[PDB]
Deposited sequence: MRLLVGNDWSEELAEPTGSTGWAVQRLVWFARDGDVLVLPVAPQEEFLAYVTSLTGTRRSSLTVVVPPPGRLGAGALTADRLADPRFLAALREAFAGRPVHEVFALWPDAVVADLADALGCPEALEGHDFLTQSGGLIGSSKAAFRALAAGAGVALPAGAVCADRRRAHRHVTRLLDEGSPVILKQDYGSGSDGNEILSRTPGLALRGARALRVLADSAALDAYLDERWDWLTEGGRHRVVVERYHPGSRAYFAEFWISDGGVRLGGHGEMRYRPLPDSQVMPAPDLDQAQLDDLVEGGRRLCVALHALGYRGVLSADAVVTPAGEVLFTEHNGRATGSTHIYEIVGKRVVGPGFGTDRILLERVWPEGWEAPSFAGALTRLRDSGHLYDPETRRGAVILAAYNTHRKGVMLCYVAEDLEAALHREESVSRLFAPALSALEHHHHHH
């Protein structure tokens, strides 16, 4: 029996008011026999039965525990929901006298530590003490990333970390006068919504940022900083990362599992900003040996640093390959990412040893313009067309997510072209 926790982005960083309880249902992919899952919204049985049928996990051995709604409703495991005596009674009955062997959470937050303490199993949560002190936030800080990568000797685009406009203005100006565009980044921003590109020249693709600002001179920059500084600092709370932006780069990741015992490579892939990051392929294609070595060693070094200071959990090291072919690291992500269950479970467990050898994975966000009436409806159509993932041909679409009021698929194929073809058939 393990306790799996489907928690969201840290309550300490942001109010999870938009959450609907859908994305964290990816937790089920990690479930193994006997496990107890804590989720904000009960998954549909059809989702559970499908996912468990593929992982080989006995569904009836699983228990799903859902807290009552909290101060922000049901969308996310807010702190008040996990402290609810009603929920705690439900949790203890789900345990049924069994010891908690391990606590696994999607996000390394103090609320998980709080839960382990309330349950009297802190020892089952690796890095518990670190987490009680809110150490897990380091996994989502770009400022922390910049310092750690630079200290560990991990290649980094030129730049700095700025707490004020005076310093920000100097570092932006240095980079712009070298003929480069610049990307500003919220310390704790999630995704490209937290970034802006600044350029002397118009017409750049908006890859990895919400907006492009064209700034002619020092005065235009003063004007920009005066207007956006509140936003860039989240109301004066956080610092801003300034770094050199490299147009037309491809985005890669190497993800690791950081335990008490040390650092272990989970997997690597490419995130396709095509022009939005709406698909990813694993493992990483089109790198030569030296670039793949740099991506993995770079990430590993970063993770060894994070391990040494006490971080425990999943760590995604994000990088770009520039048009000149240089691997530069751009951030880390301390959490179960969009990729984690895909290479770890779908790749290594469902597809098997052939994954990385004669099989790749291609996941796409449910295309806009695609519609499916329900989970069961999507599965039926896939099953009937013969495009549903078939455990003995090792080809086809794996349904990744629960019903979203469509779903989300992962195509397993010999190479990217083959998966891309599988997908056009799917309709």
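In sequence order, the deposited residues that have no C-alpha coordinates form the ranges 406 to 408, 431 to 447.
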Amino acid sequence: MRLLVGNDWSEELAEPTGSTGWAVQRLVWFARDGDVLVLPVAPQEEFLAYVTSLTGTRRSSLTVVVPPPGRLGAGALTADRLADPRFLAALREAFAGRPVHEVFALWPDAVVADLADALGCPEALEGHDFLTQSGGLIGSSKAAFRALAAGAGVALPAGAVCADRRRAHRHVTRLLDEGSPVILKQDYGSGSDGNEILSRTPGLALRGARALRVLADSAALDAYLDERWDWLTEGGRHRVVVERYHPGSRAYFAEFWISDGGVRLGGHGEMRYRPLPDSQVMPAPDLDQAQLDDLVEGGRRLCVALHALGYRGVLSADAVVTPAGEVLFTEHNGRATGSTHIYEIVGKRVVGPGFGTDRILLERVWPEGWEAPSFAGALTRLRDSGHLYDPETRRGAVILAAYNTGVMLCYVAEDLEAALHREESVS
From here on, numbers count along this sequence of modelled residues.
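In this entry, 384 to 392 shows the higher mean Cα temperature factor of the pair 384 to 392 and 26 to 34. Of the two segments examined, 310 to 318 and 131 to 139, it is 131 to 139 that shows the higher average Cα temperature factor in the deposited entry. Among the modelled residues of the chain, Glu123 sits in the middle third by CA temperature factor in this PDB entry. Per the deposited record, the Cα B-factor of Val214 falls in the middle third when ranked against the other modelled residues of its chain. In the deposited entry, the Cα temperature factor of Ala83 sits in the middle third of values across the chain's modelled residues. Sort the modelled residues of the chain by CA B factor and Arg274 lands in the highest third. In this PDB entry, the Cα temperature factor of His332 sits in the bottom third of its chain's modelled residues, the lowest group.
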